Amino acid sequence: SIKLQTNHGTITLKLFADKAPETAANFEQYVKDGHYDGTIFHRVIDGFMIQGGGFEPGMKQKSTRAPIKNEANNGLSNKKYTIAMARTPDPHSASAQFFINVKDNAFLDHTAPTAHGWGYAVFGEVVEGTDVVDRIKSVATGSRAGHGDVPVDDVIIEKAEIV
């Protein structure tokens, strides 16, 4: 139901509104408010995941709304192609940034309601365009500012829309 038109192709996402209600609603809102238009996948790590939704070209961090509670304990594993919320070490700090697993990453799953075990909340999955994710994951990257794994050439989310 969500379409991410990027300069590498279009990624279509299906959200799990019931299994991760607060997270799905938070994401959909950002899309609706056009917050993701013009953002990049600033952290691309082959064999791990691709993260975006927080920076504009030149690593310019956008403002966000208040954090959301962590819904990682919903029984959903960080399987290949699932989308989940990136965050601060603080479990309940997720805001606008998300990542798409490019590999089964069980280690990211909730194990306990503890600082280190809270895990990362899966709230959807790439329904169409997994090939787009497969290509993005292997693009050239390098360090910039206090960021590593930044794509040499910007991977841009031109527009995100609810369909």
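Don't overthink the numbering: it's just position in the shown sequence, from 1.
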Of 58-66 and 35-43, the stretch with the higher mean C-alpha B-factor in the deposited entry is 58-66
Take the C-alpha B-factors listed in the entry for 143-151 and for 17-25, compute each mean, and give the stretch with the larger one. 143-151
Determine which member of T114, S138, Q51, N105 has the highest CA B-factor, using the values in the deposited entry. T114
Quick check on the deposited entry: does the C-alpha B-factor of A160 sit in the lowest, middle or highest third of its chain? highest
